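Report on one structure; see the data block that follows.
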Amino acid sequence: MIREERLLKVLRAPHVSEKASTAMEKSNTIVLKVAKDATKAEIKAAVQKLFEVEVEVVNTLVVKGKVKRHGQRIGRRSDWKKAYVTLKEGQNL
Amino acid sequence: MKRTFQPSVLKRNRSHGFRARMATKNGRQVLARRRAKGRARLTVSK
Amino acid sequence: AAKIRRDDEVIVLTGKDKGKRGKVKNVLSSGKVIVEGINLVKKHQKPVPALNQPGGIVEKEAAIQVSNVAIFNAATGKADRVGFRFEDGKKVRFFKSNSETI
Amino acid sequence: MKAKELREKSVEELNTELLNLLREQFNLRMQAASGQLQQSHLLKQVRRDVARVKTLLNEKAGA
Amino acid sequence: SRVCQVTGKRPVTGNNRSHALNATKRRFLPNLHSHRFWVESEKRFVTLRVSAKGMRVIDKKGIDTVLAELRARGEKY
Amino acid sequence: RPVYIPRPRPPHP
RNA sequence: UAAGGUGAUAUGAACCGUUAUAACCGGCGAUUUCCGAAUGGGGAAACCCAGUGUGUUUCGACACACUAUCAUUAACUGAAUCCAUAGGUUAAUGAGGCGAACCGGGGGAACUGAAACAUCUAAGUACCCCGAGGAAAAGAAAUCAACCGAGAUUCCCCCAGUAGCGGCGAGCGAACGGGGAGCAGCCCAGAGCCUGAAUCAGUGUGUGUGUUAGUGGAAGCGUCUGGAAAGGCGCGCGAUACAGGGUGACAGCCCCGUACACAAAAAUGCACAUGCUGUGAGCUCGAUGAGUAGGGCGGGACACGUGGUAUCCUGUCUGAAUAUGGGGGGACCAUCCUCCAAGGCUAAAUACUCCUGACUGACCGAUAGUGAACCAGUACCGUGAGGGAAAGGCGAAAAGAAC
RNA sequence: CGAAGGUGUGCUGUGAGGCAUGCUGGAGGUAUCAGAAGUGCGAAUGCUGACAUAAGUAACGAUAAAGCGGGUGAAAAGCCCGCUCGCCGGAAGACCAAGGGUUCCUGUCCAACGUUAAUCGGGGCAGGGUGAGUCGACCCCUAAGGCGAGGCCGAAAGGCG
């Protein structure tokens, strides 16, 4: 059983932006970064345990890294997955 | 004026894809030659 | 097996100011050392709007080749070489020409 | 911080790994992302500690 | 393939020469045939693709001896 | 560099 | 080993360590995602979808392991017919793929030359395919020689552009014999006496040596020129160390090195001694490889193109003697000489370098040298196989120009 | 207290050349006598790079068409706003599939790119943006066709099934 440690690694970081702020104040939902796989069930369990909050539903999407032109060279950013988590009437963070 | 190249990902992969080369020994030699030359792209990868 | 260390008082054999004494502060992996008041460079430091605003011209210390500095004996009044010998199971440095331990 | 935990039993080794993963690994990561972490050297130090514990578990369990 | 299962005869390439000594590549084929041999040891028929020379070899020796050599060769018959 | 996910996204006509 | 460090472009931020678990180097271990022989099935490579068996927070759902094909072996099942066999399931062992050349084998050109061209040449070359090794192949006479004699195979220099072959054209081209490198001989087709009896292969121990980290390593100062001296001038010292590289212009004596003397907890190759396992010494007698040798027909290989053509191999059809026997000695016969085919094993001298270390060069010095001195087989071009560039230099030190 | 190279000058030999030196250059060069050559270029519709010529010439890519006021700006015929004019309207509108792969939106900049200017842009830099039990893929089924355990055939590779 590695479910506990798995839940401690799916979550990577919160997402800060205008869309994130308006979603939180209006829809009571938090947007955060997750691992590349990060199935919806794992994200739901991780938020319930680590943040000790009740959740309703999770929506995930994959963001493709942009292609950047650094110096004389061309590079690409890494793809990452962000999840929208909808909390219930009781919210903490 | 219709030109010779009409792109299609499915046709490109099924014709010159990695698995297409490995099916026959001639394709395997094509991969072997390009590994020896050190080419970054072994085949047309989606 | 470095002959010049962190805390050593050395003298300059060749350079802009040969014969000037000093003490080394750091040594670079490229065989270079930094000493006080020996190789001063008037670097033109640009202003930056960050937390630090040095501005003006800064008198920095420029690294010098370790081969151009020799540890000073401090007893014979001249530069001297360095050798390594094993005493009580420990490798220690010593001078030459009536060699004594550091 | 290598032979201190060599002689502990497997039960404590799993316990210390869990709190290493739980605290100072997840919490530090959230702090760094939010910009509230100024001592970023803890992240690497904690990661190496987790590796050390896992190395012990393998040479303890089974083989 | 056109390989005798007893003597191992296989097609061999060669030349055919005309009156003007013109040389063209040809191929000599063994006189292979499919034959059923009755074996009393196992009490059944075994089909072998054998050449005419091989059939003479089987007659001179025993069918059992030839089968043993084939089994030692490592190829199923 | 190479993207490998040309999945189909057909919006209902 | 250590007073420094956290790889580079590439500074910074935050920290570790300084007498020992900072960092770095070496041995032995652990982790080792996904694709790829890919091997649970599939597939547009890095993706999708499973079955069975082991253990667990809300049934929820999780974690691990196994599950490809083929060949051999063993067990259990098992038809058309009794038996049986085929077939099926299970377990174990081995293989699979990749890699620059060298080696053996199976296939096999044309251009070109002949001043045309068909025999011939190019050439058993290029290329395709199969198999194995560190080398491979070959190898202990049914061989030569000449009636004097040598005794496995392989490689180099002669013999020798010789004898021969050849639209006797173009061309191809030996052998005998001699001088060298290196040398090693055996086993089965079988019984008896004697039975570890030598030599071998696999696993322990011990000595020596080598590889994988390393340690010490001699001896110079003063004036002149100068941005700076290692240069000039004057006087010294080391050398079993003036081989090289660096250092503000050219250093034996400033630094790293160099000759020299040492170093190994652990893993390893080589040469020996000592144990175990397995086949196996020595003597007597006998045996001594049959669809084979040879022959007819059609081809190929031997320098030798069917010619007077020996010898070898083979597709096809035939077919002995067996030691009072048989083979060869260049058509063939007789006499002599020599050897014993139709079953196998065998290191040395020989061929090559994808890769590792050191060293060398009347080799190149950025249109040269590898296509590539600069993150080049990259950019770019092509559906694809494939083709394929240009681009080095501030200064001793960024001191990279505050204002 | 100045090598090679570069650039002038003055002497010198029947010649290819040599010698001395002014300025730039900045650290290498090499007598004599022998030795070996990737040993000498004006041509090959030679190869590579650079730079001329035509020449400040042709052209600036559908003859659907622009005018004015204000704003921003160093600068406005082209950008923004406003009022008119004109063009498409089975399209020059709105949607997709295929194919592209961030060209989407905001802030900021005008070197190069835009066949002109440019404050503007599909340009540069930074940040943001793609939310599914019902859409689609995936998945269940199959057509043409592909592969193909055994199997048949084939010098090998391999062909067919």
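A note on names: the letters A, B, ... follow the listed sequences, proteins ahead of strands, and every chain is numbered from 1. We use all heavy atoms of the structure for the numbers below, so side chains are in, but hydrogens, waters and symmetry mates are not.
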Both distances below 3.5 Å, Watson-Crick or wobble geometry, any strand: find the nucleotide opposite [N].
N: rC160(H); result: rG151(H)
N: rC135(H); result: none
N: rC374(G); result: none

Mind checking [X] for me? I need base, sugar-phosphate or nothing, with any heavy atom below 4.0 Å counting as a touch.
X: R39(B); result: base
X: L29(E); result: sugar-phosphate
X: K61(E); result: sugar-phosphate
X: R35(B); result: nothing
X: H15(A); result: sugar-phosphate
X: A32(B); result: sugar-phosphate
X: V66(C); result: nothing
X: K40(A); result: sugar-phosphate

Check: Looking just at side-chain N and O atoms, do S34(D) and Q36(D) make a donor-acceptor pair shorter than 3.5 Å?
Finding: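 The answer is yes; a qualifying pair exists.
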Margin query: Run the salt bridge (charged side-chain N to carboxylate O under 4.0 Å, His left out) test against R44(E) and tell me which residues pass, sequence neighbours left out.
Written below: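 Testing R44(E) for salt bridge (charged side-chain N to carboxylate O under 4.0 Å, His left out), a comparison that skips the adjacent residues, returns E42(E).
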If you restrict it to nitrogen or oxygen atoms, what contacts under 3.5 Å exist between nucleotides 137-146 of chain H and the protein, and what is each distance?
{"from": "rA137(H)", "atom 1": "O2'", "to": "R7(F)", "atom 2": "NH1", "distance (Å)": "3.0"}
{"from": "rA137(H)", "atom 1": "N3", "to": "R7(F)", "atom 2": "NH1", "distance (Å)": "2.6"}

Taking atom types as they are modelled, would you say the side chain of [X] forms a donor-acceptor pair with the base of [N] within the 3.5 Å cutoff?
X: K60(E); N: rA290(G); value: yes
X: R56(E); N: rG319(G); value: yes
X: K53(E); N: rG315(G); value: no
X: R6(C); N: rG4(G); value: yes
X: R19(B); N: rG36(G); value: no
X: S17(A); N: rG128(H); value: no

Item checked: Any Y84(A) side-chain nitrogen or oxygen under 4.0 Å from OP1 or OP2 of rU130(H) ->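 For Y84(A), the contact criterion (side-chain N or O under 4.0 Å from OP1 or OP2 of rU130(H)) is met.
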Margin query: For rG388(G) and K37(B) - does any side-chain N or O of the residue sit under 4.0 Å from the phosphate oxygens OP1/OP2?
Written below: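 For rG388(G), OP1/OP2 do not have a side-chain N/O of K37(B) under 4.0 Å.
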Margin query: Using atom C1' in both nucleotides, what's the gap between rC34(G) and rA136(G) to the nearest angstrom?
Written below: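 Here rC34(G) and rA136(G) have their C1' atoms 41 Å from each other.
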Note to self: Could you tell me how far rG387(G) sits from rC363(G) if I compare only their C1' atoms? Round to whole Å.
What the structure shows: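 Rounded to whole Å, the distance is 31 Å.
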Notebook entry, point to check: Which whole-number value in Å describes the distance from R69(A) CZ to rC125(H) P?
Noted result: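 My rounded result for the distance is 9 Å.
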Next item on the list: Hey, could you give me each pair passing salt bridge (charged side-chain N to carboxylate O under 4.0 Å, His left out) that has a residue in residues 7-16 of chain D? Not counting sequence neighbours.
Entry: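 Pairs touching residues 7-16 of chain D that pass the test: none.
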Margin query: From the set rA2(G), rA385(G), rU57(G), return the single nucleotide nearest to any side-chain atom of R21(B).
Written below: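 For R21(B), the side-chain atoms sit closest to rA385(G).
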Check: Of all the nucleotides listed (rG129(H), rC120(G), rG101(H)), which has the minimum atom distance to the side chain of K19(A)?
Finding: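 In terms of side-chain proximity for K19(A), the closest of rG129(H), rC120(G), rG101(H) is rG129(H).
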Check: Does anything in residues 79-102 of chain C reach RNA chain G, meaning a heavy atom under 4.0 Å, and if so which residues?
Finding: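 By residue number: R81(C), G83(C), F84(C), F86(C), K90(C), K91(C), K96(C).
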For a quick test of your reading: what N or O donor-acceptor pairs under 3.5 Å do the side chains of residues 80-87 of chain A make, sequence neighbours left out?
{"from": "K81(A)", "atom 1": "NZ", "to": "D37(A)", "atom 2": "O", "distance (Å)": "2.5"}
{"from": "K82(A)", "atom 1": "NZ", "to": "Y84(A)", "atom 2": "OH", "distance (Å)": "3.3"}

Note to self: As a test of reading torsions: judging only by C1'-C2'-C3'-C4', is the sugar of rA37(H) on the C3'-endo (north) or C2'-endo (south) side?
What the structure shows: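 The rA37(H) sugar sits on the south side, the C2'-endo region.
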Notebook entry, point to check: Bend across the helix from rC200(G)-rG278(G) to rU211(G)-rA267(G), to 10°, with axes taken over 5 pairs at each end?
Noted result: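 Roughly 10° between the end axes, to the nearest 10°.
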Next item on the list: Hey, which sits more toward the 5' end of RNA chain G by its nearest nucleotide, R41(B) or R48(D)?
Entry: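 With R48(D) and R41(B) compared, the 5'-side residue is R48(D).
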